[PDB]
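See structure below.
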Amino acid sequence: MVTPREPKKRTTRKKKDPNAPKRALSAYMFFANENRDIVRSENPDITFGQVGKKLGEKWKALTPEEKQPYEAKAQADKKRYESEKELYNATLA
DNA sequence: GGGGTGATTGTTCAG
DNA sequence: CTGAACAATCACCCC
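Okay, so the first sequence: first residue is 1 according to the deposited numbering, each after it adds one.
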């Protein structure tokens, strides 16, 4: 329970850092990237309250393997920023 | 020697 | 604008 699942005002958090790399995207962004268009492309009638919520459920519904593309794309984006972070310190300090 | 924190990321949708 | 559900993350730094 190190990560409380209770609301704590979250959204485009403010700034905090000299260069502030800003970690990396998530397997949900890369996957949601493919879906967003797909999902909504198959349900242009359903709004965010359908495509979104249904996105998450179907997200984990696929399976780790199905995630390989994005999830792996997550480690890819993880390094992407990892560069701006290695410099974040190699420039800020 | 192990812990937990916060910060962030992107979509869609809307008044 | 921005947040809100939806989900993952996980790098960051410490005493």
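We put the CB at the ideal spot given by N, CA and C, even for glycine.
If you follow the alpha helix (DSSP H) that residue i is in, where does it begin and where does it stop?
i: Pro69; result: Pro64 to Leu92
i: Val39; result: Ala27 to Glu42
Quick one: Cα of residue i to Cα of residue j, how far?
i: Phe48; j: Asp37; result: 12 Å
i: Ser26; j: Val51; result: 18 Å
i: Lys54; j: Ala93; result: 44 Å
i: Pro18; j: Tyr88; result: 7 Å
i: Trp59; j: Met29; result: 11 Å
i: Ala74; j: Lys67; result: 10 Å
Buried or exposed, going by whether 16 or more other CB atoms sit within 10 Å of the CB of residue i?
i: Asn33; result: exposed
i: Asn43; result: exposed
i: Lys14; result: exposed
i: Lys79; result: exposed
For residue i and residue j, which I take to be in contact (beta-carbon distance under 8 Å), what is that distance rounded to the nearest angstrom?
i: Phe31; j: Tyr81; result: The pair is not a contact, with the Cβ atoms about 18 Å apart (cut-off 8 Å).
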